[PDB]
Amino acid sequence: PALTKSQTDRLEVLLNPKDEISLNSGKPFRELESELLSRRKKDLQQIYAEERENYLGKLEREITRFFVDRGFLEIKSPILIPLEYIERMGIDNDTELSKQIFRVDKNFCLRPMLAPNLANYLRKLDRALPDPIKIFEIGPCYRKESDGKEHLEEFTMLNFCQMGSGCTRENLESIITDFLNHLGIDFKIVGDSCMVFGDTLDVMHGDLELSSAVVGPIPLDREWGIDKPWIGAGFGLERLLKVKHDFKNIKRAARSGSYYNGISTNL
């Protein structure tokens, strides 16, 4: 007998990349579902008995150690930000990226990226700290998105940046290379362009964009009081997890009540 779309969808929820099971081999749905439920319960029990760390939390901690050890100051800045930051970032209020903003009340929004808060920290810290200024942040960011296998509306960004000396393309590429080598992720760099920053160095794993990176200065700097060379890159943590664990859909990696470390919680 043949599987309905609802049945295939249920088996896909329970399937994991490490499995090799044919869903349409002719084996009945009831046996495929029971087999996968048993494998997933075993996987979750082993997590609970032996590791207990959340993939997103653990990856944030690993990345934090990497950057702290390399001289970058760990920032934790507001997630709920003034709506005025959007227009000030060059997100023209009828850009499709402008349509991606979650508004809160009348004058606030959920940050769609970490850059503006980090630009404010670079400016303020440069009055107190020796050259170069090196900072980074990891945390939640928010964008309205069309349904896709590589986009979440609530995701987790890493942005590291440096201002002052050493803010060259070669140093930016070297940091990205050291970082992704530390995580074991192969990549290439390709040129792209975006509305906020202009030309970017996009960090690609196959056709998947892991990061956009920028070498300043750029015209936007004046609007933020940035008056020195700078470099920076933003990475999505859920995309890194998707690569590391071979997930078919980024939802496996997200903050979710529906998956724990890529395992369905609907068991």
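Residue numbers here begin at 1 and follow the sequence given.
Checked against the record, the higher mean CA B factor of 22-30 and 38-46 lies with 22-30. Higher mean CA temperature factor between 225-233 and 57-65: 225-233, per the PDB entry. For the set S77, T156, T95, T177, the PDB entry assigns the largest Cα B-factor to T95. Highest C-alpha temperature factor among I133, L172, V190, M113 per the entry: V190.
Sorting the modelled residues of the chain by their CA temperature factor places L15 in the middle third.
When the CA B factors of the chain's modelled residues are split into thirds, the value for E51 lands in the highest one. Residue-level temperature factors show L241 in the lowest third of its chain, judged at the C-alpha atom. Annotation for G71: C-alpha temperature factor in the middle third relative to the rest of the modelled chain, per the entry.
Per-chain ranking of the deposited C-alpha B factor places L267 in the highest third.
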